[PDB]
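Below is one structure; the comments refer to it alone.
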Amino acid sequence: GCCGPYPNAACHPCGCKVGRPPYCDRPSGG
């Protein structure tokens with residue numbers, strides 16, 4: 001239970017932990 005790509009208050013493409021876009025599951029940094 002997260003939100004996703006639709007509008008821009010708390011709702012973000014990869015705002016979640018598990019289940020999210022290619023760049024956010026690929027190695028970010030820290």
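Residues are named by chain letter and number: chains run A, B, ... in the order of the structure tokens, numbers start at 1 in each chain, and ligands are numbered from 1 in the order shown.
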
Give me the residues near stretch 18-21 of chain A as a count of residues only, where near means some atom within 12 Å (using only C-alpha atoms) and where sequence neighbours in that chain fewer than 5 positions away do not count. 8

DSSP helix (DSSP H, G or I) residues within chain A, as JSON, numbers by chain: {"A": [22, 23, 24, 25]}
